Amino acid sequence: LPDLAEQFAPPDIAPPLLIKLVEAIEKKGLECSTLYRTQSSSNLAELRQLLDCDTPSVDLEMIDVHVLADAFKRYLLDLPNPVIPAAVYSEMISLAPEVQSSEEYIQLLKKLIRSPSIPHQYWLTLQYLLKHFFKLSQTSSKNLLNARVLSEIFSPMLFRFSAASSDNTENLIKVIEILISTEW
């Protein structure tokens, strides 16, 4: 897919294709207790065709919820740079020893992702997703998706954990889990 900085630009709040995917999933899966936890029958290719470029792509409201869910995950995996760029992830790991509390690690993420050499689209995209995840956790009774479960599923795709250690992994999943909860 094109870079997130190429998919949209401020005043616009999120990439057009991601808003479409997210609104269809919310429309059809708010109370689905298997959403994000099952695989649809499609393979990449069927999913990539749908990743809405100048054609194929149908009206996403006609697509099965599980296929939209898989398409959502494929979209995060196919971005040229992940939602949390590798330079950011990298500094989070090496500055970890200088950070004193869980809150300062959360604030470091925010400072780093908003560096002047990281386009505004990265932070805006991260904000749009945190809001979608917060919305889902509000109906957690039903869908079973709490901020923790959602961070465990999506943190590996947002940061693109290649070979992260268990405590760095645990610390970054905690950061995203708390960022979801504070969208209140």
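Here the Cβ positions follow ideal geometry from the backbone for every residue, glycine too, while neighbour counts run over all protein chains shown. Just so it is clear, none of the values below were taken in a lab; they were calculated from the coordinates.
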Discussion item. With a 10 Å cut-off between alpha carbons and a GNM built on the chain, which of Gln121, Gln138, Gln39 moves the most?
Written reply: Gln39
Worksheet item: For the chain, modelled as a GNM with alpha-carbon contacts under 10 angstrom, which of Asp167, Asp64, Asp52 fluctuates the most?
Response: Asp167
Worksheet item: Any idea what angle helix 120-138 forms with the longest principal axis of the chain, computed on alpha-carbon atoms, 0 to 90 degrees, nearest 10?
Response: 70 degrees
Item to complete: Over the chain, calculate the relative contact order: mean separation of alpha carbon pairs under 8 Å at least 6 apart, over the residue count, as a percent.
Response: 28 percent
Worksheet item: Can you give me the Cα centroid spacing of the stretch 67-114 and the stretch 126-184 in angstrom?
Response: 11 Å
Worksheet item: By how many degrees, 0 to 90 and rounded to 10, does the Cα axis of helix 166-181 deviate from the longest principal axis of the chain?
Response: 70 degrees
Discussion item. Using only Cα atoms and rounding to the nearest 10 degrees, what angle (0 to 90) does helix 86-95 make with the longest principal axis of the chain?
Written reply: 30 degrees
Worksheet item: Pairs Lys110/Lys135; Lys131/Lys174; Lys73/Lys142; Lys28/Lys174; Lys20/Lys131; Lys20/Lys174: which exceed 18 Å Cα-Cα?
Response: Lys110/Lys135; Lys73/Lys142; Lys28/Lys174; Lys20/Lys174
Item to complete: Rank these for me by crowding, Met157, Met92, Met62, going from fewest to most other beta carbons within 10 Å.
Response: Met62, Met157, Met92
Discussion item. Quick check on the chain: helices-only [θ] at 222 nm, where DSSP H runs of length 4 and up contribute -39,500 (n - 2.57) each and the sum goes over total residues. Nearest 500, please.
Written reply: -18000 deg cm²/dmol
